[PDB]
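Here the structure is laid out as C-alpha coordinates; the discussion comes afterwards.
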Amino acid sequence: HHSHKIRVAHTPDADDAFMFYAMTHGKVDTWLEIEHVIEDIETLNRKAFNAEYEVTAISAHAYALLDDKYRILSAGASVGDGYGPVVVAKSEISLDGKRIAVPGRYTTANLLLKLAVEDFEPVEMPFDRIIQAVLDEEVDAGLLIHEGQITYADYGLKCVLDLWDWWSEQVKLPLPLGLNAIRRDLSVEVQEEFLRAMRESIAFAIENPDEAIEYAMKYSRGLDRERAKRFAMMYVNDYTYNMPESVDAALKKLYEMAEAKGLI
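Each residue of the sequence shown is one higher than the last, beginning at 40 in this note's numbering.
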(Lines of atoms letter the chains of each structure in order from A and count residues from 1; the text may use other names and numbers.)
(Lines give C-alpha, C1' and ligand atoms only; values in the text may rest on other atoms or scores of the structure.)
Protein backbone atom coordinates (compact mmCIF):
# COMPACT_ATOMS: atom_id res chain seq x y z
CA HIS A 1 0.00 0.00 0.00
CA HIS A 2 1.93 2.95 -1.36
CA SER A 3 0.95 6.63 -1.12
CA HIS A 4 -1.48 5.57 1.61
CA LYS A 5 -1.14 8.97 3.31
CA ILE A 6 -3.53 11.57 1.82
CA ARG A 7 -5.33 14.84 2.50
CA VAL A 8 -9.11 14.97 2.29
CA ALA A 9 -10.62 18.43 2.26
CA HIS A 10 -14.23 19.29 2.79
CA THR A 11 -16.44 22.03 4.24
CA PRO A 12 -17.56 23.37 7.65
CA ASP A 13 -21.19 22.56 6.87
CA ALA A 14 -23.71 20.26 8.55
CA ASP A 15 -24.51 18.27 5.42
CA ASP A 16 -20.77 17.73 5.00
CA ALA A 17 -19.93 16.80 8.61
CA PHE A 18 -22.97 14.52 8.44
CA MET A 19 -21.65 12.70 5.35
CA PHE A 20 -18.10 12.47 6.79
CA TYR A 21 -19.07 11.61 10.38
CA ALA A 22 -18.37 7.88 10.08
CA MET A 23 -14.96 8.57 8.54
CA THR A 24 -13.98 11.35 10.95
CA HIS A 25 -14.70 9.04 13.91
CA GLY A 26 -12.67 5.98 12.97
CA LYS A 27 -15.94 4.19 12.22
CA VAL A 28 -14.67 3.32 8.73
CA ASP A 29 -12.09 0.56 8.39
CA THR A 30 -9.42 1.54 5.84
CA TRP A 31 -5.69 1.17 5.24
CA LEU A 32 -5.56 4.81 4.14
CA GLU A 33 -3.98 7.30 6.56
CA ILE A 34 -6.37 10.22 6.06
CA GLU A 35 -5.79 13.81 7.18
CA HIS A 36 -8.87 16.01 7.13
CA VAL A 37 -8.76 19.66 6.17
CA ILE A 38 -11.93 21.73 6.65
CA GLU A 39 -12.30 24.97 4.71
CA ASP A 40 -15.00 27.02 2.99
CA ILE A 41 -16.15 25.71 -0.38
CA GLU A 42 -14.91 28.79 -2.23
CA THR A 43 -11.50 28.36 -0.57
CA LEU A 44 -11.36 24.78 -1.89
CA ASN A 45 -12.53 25.80 -5.38
CA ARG A 46 -9.61 28.22 -5.56
CA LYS A 47 -6.94 26.03 -3.93
CA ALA A 48 -8.01 23.32 -6.38
CA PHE A 49 -6.30 25.34 -9.13
CA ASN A 50 -3.00 24.23 -7.63
CA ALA A 51 -4.01 20.56 -7.11
CA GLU A 52 -3.35 21.05 -3.40
CA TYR A 53 -5.20 18.05 -1.97
CA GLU A 54 -5.55 14.44 -3.08
CA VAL A 55 -9.31 14.58 -2.51
CA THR A 56 -11.34 17.77 -2.19
CA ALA A 57 -14.99 18.83 -2.27
CA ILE A 58 -15.61 21.34 -5.06
CA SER A 59 -18.46 23.13 -6.84
CA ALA A 60 -19.54 21.60 -10.15
CA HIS A 61 -18.89 25.03 -11.70
CA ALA A 62 -15.27 25.13 -10.51
CA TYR A 63 -14.72 21.54 -11.65
CA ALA A 64 -15.07 22.61 -15.27
CA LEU A 65 -11.92 24.72 -14.77
CA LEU A 66 -9.84 21.86 -13.34
CA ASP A 67 -10.97 18.61 -14.95
CA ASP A 68 -7.41 18.27 -16.28
CA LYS A 69 -5.88 17.46 -12.90
CA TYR A 70 -9.02 16.20 -11.15
CA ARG A 71 -11.81 13.75 -11.96
CA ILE A 72 -15.26 13.42 -10.41
CA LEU A 73 -15.56 10.81 -7.67
CA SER A 74 -18.70 8.67 -7.91
CA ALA A 75 -19.52 9.44 -4.26
CA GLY A 76 -19.77 12.70 -2.35
CA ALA A 77 -21.72 14.87 -4.79
CA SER A 78 -24.53 17.10 -3.56
CA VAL A 79 -27.50 17.27 -5.95
CA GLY A 80 -30.66 19.33 -5.72
CA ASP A 81 -33.89 17.71 -6.88
CA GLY A 82 -36.89 20.03 -6.54
CA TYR A 83 -34.80 22.44 -4.46
CA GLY A 84 -31.45 24.23 -4.43
CA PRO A 85 -29.81 27.69 -4.09
CA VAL A 86 -31.91 30.82 -4.23
CA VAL A 87 -31.65 34.58 -4.33
CA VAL A 88 -33.52 36.36 -1.54
CA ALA A 89 -34.54 39.98 -0.90
CA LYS A 90 -36.50 42.13 1.56
CA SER A 91 -39.29 42.34 -1.05
CA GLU A 92 -40.09 41.25 -4.62
CA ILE A 93 -37.72 42.73 -7.21
CA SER A 94 -36.59 41.83 -10.73
CA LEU A 95 -32.84 41.51 -10.02
CA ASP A 96 -31.84 43.04 -13.36
CA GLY A 97 -29.21 45.73 -12.82
CA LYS A 98 -29.33 45.02 -9.08
CA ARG A 99 -26.38 44.46 -6.73
CA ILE A 100 -26.38 40.85 -5.50
CA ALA A 101 -24.12 39.48 -2.78
CA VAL A 102 -22.53 36.16 -3.82
CA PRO A 103 -20.65 33.64 -1.63
CA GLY A 104 -18.08 32.77 -4.28
CA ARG A 105 -17.32 33.38 -7.93
CA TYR A 106 -16.68 29.72 -8.65
CA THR A 107 -19.74 28.20 -6.98
CA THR A 108 -22.33 26.40 -9.03
CA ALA A 109 -24.95 28.78 -7.64
CA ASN A 110 -23.08 31.70 -9.17
CA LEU A 111 -22.86 30.06 -12.58
CA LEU A 112 -26.64 29.50 -12.40
CA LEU A 113 -27.31 33.12 -11.43
CA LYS A 114 -25.08 34.34 -14.27
CA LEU A 115 -27.20 32.18 -16.61
CA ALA A 116 -30.59 33.31 -15.31
CA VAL A 117 -29.73 37.04 -15.04
CA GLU A 118 -27.24 38.11 -17.72
CA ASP A 119 -26.82 41.61 -16.34
CA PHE A 120 -26.37 42.42 -12.67
CA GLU A 121 -23.68 43.43 -10.19
CA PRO A 122 -22.17 40.48 -8.30
CA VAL A 123 -20.72 41.57 -4.96
CA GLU A 124 -18.04 39.07 -3.91
CA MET A 125 -18.55 38.38 -0.20
CA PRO A 126 -18.14 35.56 2.39
CA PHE A 127 -21.29 33.46 2.86
CA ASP A 128 -21.48 34.29 6.58
CA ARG A 129 -22.39 37.88 5.72
CA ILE A 130 -24.93 37.60 2.93
CA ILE A 131 -28.00 37.60 5.17
CA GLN A 132 -26.89 40.57 7.22
CA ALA A 133 -26.05 42.59 4.07
CA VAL A 134 -29.54 42.05 2.70
CA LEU A 135 -31.45 42.89 5.87
CA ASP A 136 -29.34 46.02 6.33
CA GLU A 137 -29.82 46.95 2.64
CA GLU A 138 -26.10 46.85 1.93
CA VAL A 139 -27.12 45.11 -1.29
CA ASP A 140 -30.39 44.49 -3.16
CA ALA A 141 -30.25 40.71 -2.91
CA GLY A 142 -28.20 37.75 -1.74
CA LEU A 143 -27.40 34.31 -3.12
CA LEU A 144 -27.71 31.54 -0.51
CA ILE A 145 -25.97 28.24 -1.18
CA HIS A 146 -26.05 26.80 2.33
CA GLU A 147 -28.78 26.37 4.95
CA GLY A 148 -30.08 29.84 4.13
CA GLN A 149 -32.14 28.30 1.31
CA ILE A 150 -34.46 26.77 3.94
CA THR A 151 -34.24 29.41 6.67
CA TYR A 152 -34.47 32.78 4.91
CA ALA A 153 -38.15 33.06 5.89
CA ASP A 154 -37.15 33.38 9.57
CA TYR A 155 -35.62 36.78 8.73
CA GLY A 156 -38.77 37.95 7.01
CA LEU A 157 -37.04 37.57 3.65
CA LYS A 158 -38.52 35.99 0.53
CA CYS A 159 -37.25 34.20 -2.54
CA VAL A 160 -37.12 36.41 -5.64
CA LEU A 161 -35.34 33.81 -7.80
CA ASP A 162 -35.61 30.08 -7.22
CA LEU A 163 -32.58 28.69 -9.06
CA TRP A 164 -34.14 25.24 -9.16
CA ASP A 165 -37.27 26.49 -10.91
CA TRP A 166 -35.02 28.23 -13.39
CA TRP A 167 -32.95 25.09 -13.96
CA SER A 168 -36.02 22.91 -14.26
CA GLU A 169 -37.10 25.15 -17.16
CA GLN A 170 -33.76 24.46 -18.88
CA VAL A 171 -33.47 20.70 -18.49
CA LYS A 172 -35.41 17.89 -16.81
CA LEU A 173 -32.70 16.34 -14.66
CA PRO A 174 -31.39 16.67 -11.06
CA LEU A 175 -29.25 19.76 -10.27
CA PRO A 176 -25.46 19.11 -9.72
CA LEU A 177 -24.17 21.49 -7.04
CA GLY A 178 -21.18 20.23 -5.08
CA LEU A 179 -18.89 17.39 -6.14
CA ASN A 180 -16.23 15.20 -4.63
CA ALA A 181 -13.05 15.45 -6.69
CA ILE A 182 -10.00 13.15 -6.67
CA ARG A 183 -6.61 14.10 -8.17
CA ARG A 184 -5.81 12.12 -11.32
CA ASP A 185 -2.23 11.25 -10.28
CA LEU A 186 -3.34 8.91 -7.47
CA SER A 187 -3.06 5.17 -8.00
CA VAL A 188 -6.01 2.99 -8.96
CA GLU A 189 -5.50 1.37 -5.54
CA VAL A 190 -6.04 4.63 -3.65
CA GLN A 191 -8.90 5.62 -5.96
CA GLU A 192 -10.94 2.48 -5.31
CA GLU A 193 -10.14 2.37 -1.61
CA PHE A 194 -11.19 5.93 -0.91
CA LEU A 195 -14.33 5.47 -2.98
CA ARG A 196 -15.17 2.46 -0.79
CA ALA A 197 -14.54 4.36 2.43
CA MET A 198 -16.48 7.36 1.15
CA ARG A 199 -19.56 5.28 0.28
CA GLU A 200 -19.48 3.54 3.62
CA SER A 201 -19.38 6.85 5.47
CA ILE A 202 -22.44 8.13 3.55
CA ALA A 203 -24.45 4.93 4.01
CA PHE A 204 -23.59 5.04 7.72
CA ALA A 205 -25.04 8.55 8.00
CA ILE A 206 -28.39 7.53 6.49
CA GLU A 207 -28.74 4.49 8.79
CA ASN A 208 -27.75 6.60 11.77
CA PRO A 209 -29.15 10.07 11.01
CA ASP A 210 -29.36 11.13 14.64
CA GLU A 211 -25.88 9.99 15.57
CA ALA A 212 -24.20 11.51 12.50
CA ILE A 213 -26.28 14.69 12.79
CA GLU A 214 -25.28 15.07 16.46
CA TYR A 215 -21.65 15.75 15.61
CA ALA A 216 -22.63 17.73 12.50
CA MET A 217 -24.38 20.19 14.78
CA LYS A 218 -21.04 21.97 15.24
CA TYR A 219 -21.81 23.51 11.84
CA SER A 220 -25.60 23.78 12.22
CA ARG A 221 -25.41 27.56 12.45
CA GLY A 222 -28.42 27.94 14.76
CA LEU A 223 -30.50 25.27 13.03
CA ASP A 224 -32.33 22.94 15.40
CA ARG A 225 -31.79 19.16 15.10
CA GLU A 226 -34.79 18.53 12.87
CA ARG A 227 -34.03 21.33 10.45
CA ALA A 228 -30.40 20.21 10.28
CA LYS A 229 -31.34 16.57 9.57
CA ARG A 230 -33.68 17.78 6.83
CA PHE A 231 -30.90 19.90 5.27
CA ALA A 232 -28.30 17.15 5.44
CA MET A 233 -30.74 14.57 4.06
CA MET A 234 -31.45 16.98 1.18
CA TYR A 235 -27.85 16.83 -0.05
CA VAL A 236 -26.69 13.47 1.34
CA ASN A 237 -28.75 10.68 -0.27
CA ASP A 238 -28.76 8.27 -3.24
CA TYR A 239 -27.09 10.78 -5.56
CA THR A 240 -24.31 11.26 -3.02
CA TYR A 241 -23.82 7.52 -2.59
CA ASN A 242 -23.41 6.98 -6.36
CA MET A 243 -23.82 9.56 -9.13
CA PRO A 244 -26.52 8.15 -11.46
CA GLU A 245 -26.53 8.54 -15.25
CA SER A 246 -29.06 11.41 -15.08
CA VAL A 247 -26.69 13.52 -12.98
CA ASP A 248 -23.82 12.84 -15.40
CA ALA A 249 -26.13 14.12 -18.15
CA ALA A 250 -27.06 17.18 -16.10
CA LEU A 251 -23.43 18.23 -15.66
CA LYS A 252 -22.83 17.74 -19.36
CA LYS A 253 -25.82 20.03 -20.01
CA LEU A 254 -24.86 22.55 -17.36
CA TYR A 255 -21.39 22.86 -18.90
CA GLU A 256 -22.71 23.15 -22.45
CA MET A 257 -24.92 26.02 -21.33
CA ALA A 258 -21.94 27.67 -19.63
CA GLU A 259 -19.67 27.26 -22.65
CA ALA A 260 -22.41 28.66 -24.96
CA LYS A 261 -22.41 31.90 -22.99
CA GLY A 262 -18.68 32.15 -22.42
CA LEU A 263 -18.97 31.78 -18.65
CA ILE A 264 -16.16 29.23 -18.42
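Cβ atoms here follow ideal geometry from the backbone N, Cα and C, with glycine treated the same way.
Subject >> Buried versus exposed, by CB contacts within 10 Å (16 or more), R222 >> reply: Buried: at least 16 other Cβ atoms inside 10 Å.
Subject >> beta strand (DSSP E) runs contained entirely in the stretch 157 to 227, provided each spans 3 or more residues >> reply: Runs of the beta strand (DSSP E) spanning 3 or more residues and lying entirely within the stretch 157 to 227 occur at 160 to 163, 180 to 183, 197 to 201 and 214 to 222, in chain order.
**OP:** Examine the Cβ distances between the stretch 79 to 96 and the stretch 189 to 208 and report whether three or more of them are shorter than 8 Å.
**Re:** Taking one beta carbon from each stretch, the stretch 79 to 96 and the stretch 189 to 208 have fewer than 3 pairs nearer than 8 Å; the two do not touch.
Subject >> Endpoints, beta strand (DSSP E) assigned at residue 382 >> reply: Here the chain has residues from 40 to 303 only, and residue 382 is not among them.
**OP:** If I'm right that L112 touches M237 with Cβ under 8 Å, what's the distance once you round it to whole angstroms?
**Re:** Sure, about 7 Å apart at Cβ, within 8 Å.
**OP:** Alpha carbon to alpha carbon, how far is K108 from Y294? Give it in angstroms, no decimals.
**Re:** If you draw a straight line from the Cα of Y294 to the Cα of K108, it is about 17 Å long.
Subject >> Straight-line gap, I73 to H41 (C-alpha atoms, nearest Å) >> reply: Going from the Cα of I73 to the Cα of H41 covers about 13 Å.
**OP:** Mind reading off the beta-carbon distance from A155 to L200? Whole number of angstroms is fine, and I expect it under 8 Å.
**Re:** Contact holds; Cβ gap of about 6 Å.
Original post:
Is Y274 helix, strand or coil by DSSP?
Top reply: Note: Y274 maps to helix in three-state DSSP.
**OP:** Report buried or exposed for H49, applying the criterion of at least 16 other Cβ atoms within 10 angstroms of its Cβ.
**Re:** Around the beta carbon of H49, 16 or more other beta carbons sit within 10 angstroms, so the residue counts as buried.
Original post:
By DSSP, does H75 sit in helix, in strand, or in coil?
Top reply: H75: strand per DSSP, three-state reduction.
**OP:** Leaving out five residues on either side along the sequence, give the residues of the same chain with a beta carbon under 6 Å from the beta carbon of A128.
**Re:** The answer, listed in chain order, is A180 and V199.
Subject >> CB contact flag (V118, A140, <7 Å) >> reply: Not closer than 7 Å, so no.
Original post:
What three-state label does DSSP hand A116 in the structure shown?
Top reply: Of the three classes helix, strand and coil, the one that applies to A116 here is coil, per DSSP.
**OP:** Determine the DSSP secondary structure at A96, reduced to helix, strand or coil.
**Re:** Three-state result, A96: strand.
Original post:
Expressed to the nearest angstrom, what Euclidean distance is found between the alpha-carbon atoms of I252 and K66?
Top reply: Approximately 15 Å, taken between the alpha carbons.
Subject >> Host alpha helix (DSSP H) of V125 (start-end) >> reply: Here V125 belongs to no alpha helix (DSSP H); instead the beta strand (DSSP E) covers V125 to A128.
Original post:
Cα-Cα, which of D287, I132, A114 and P124 is closest to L152?
Top reply: Ranking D287, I132, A114 and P124 by Cα distance to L152 puts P124 first.
Original post:
Between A271 and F57, is the Cβ-Cβ spacing less than 7 Å?
Top reply: Taking 7 Å as the Cβ cut-off, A271 and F57 qualify as a contacting pair.
**OP:** Assuming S259 contacts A53 (C-beta within less than 8 Å), just tell me the rounded distance between them.
**Re:** Right, the Cβ-Cβ distance comes to about 5 Å (below 8 Å), so this counts as a contact.
Subject >> Test: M273 CB closer than 7 Å to a CB of chain C >> reply: Structure shown: chain C not included; a single protein chain is present.
Original post:
Is DSSP giving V229 helix, strand or coil here?
Top reply: In the structure shown, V229 sits in a helix (DSSP, three-state: H, G or I).
Original post:
Taking the C-alpha atoms as reference points, what is the distance between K268 and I189?
Top reply: Cα atoms of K268 and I189: separation of roughly 12 Å, rounded to the nearest angstrom.
Subject >> Closest by C-alpha distance to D55, when choosing among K291, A192 and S240 >> reply: Just measuring C-alpha positions, the residue of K291, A192 and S240 sitting nearest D55 is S240.
Subject >> Per-residue burial, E265 [other beta carbons within 10 Å of its own, 16 or more giving buried] >> reply: Exposed.
**OP:** Can you say whether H64 is buried or exposed, counting buried as having 16 or more other CB atoms within 10 angstroms of its CB?
**Re:** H64 is classed as exposed because its beta carbon has fewer than 16 other beta carbons within 10 Å across all chains shown.
Original post:
If you draw a straight line from the C-alpha of residue 24 to the C-alpha of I184, how long is it?
Top reply: The first residue shown for the chain is 40 and the last is 303, placing residue 24 beyond what the model contains.
Original post:
Between which two residues does the beta strand (DSSP E) containing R110 stretch?
Top reply: For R110, the enclosing beta strand (DSSP E) stretches over residues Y109 to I111.
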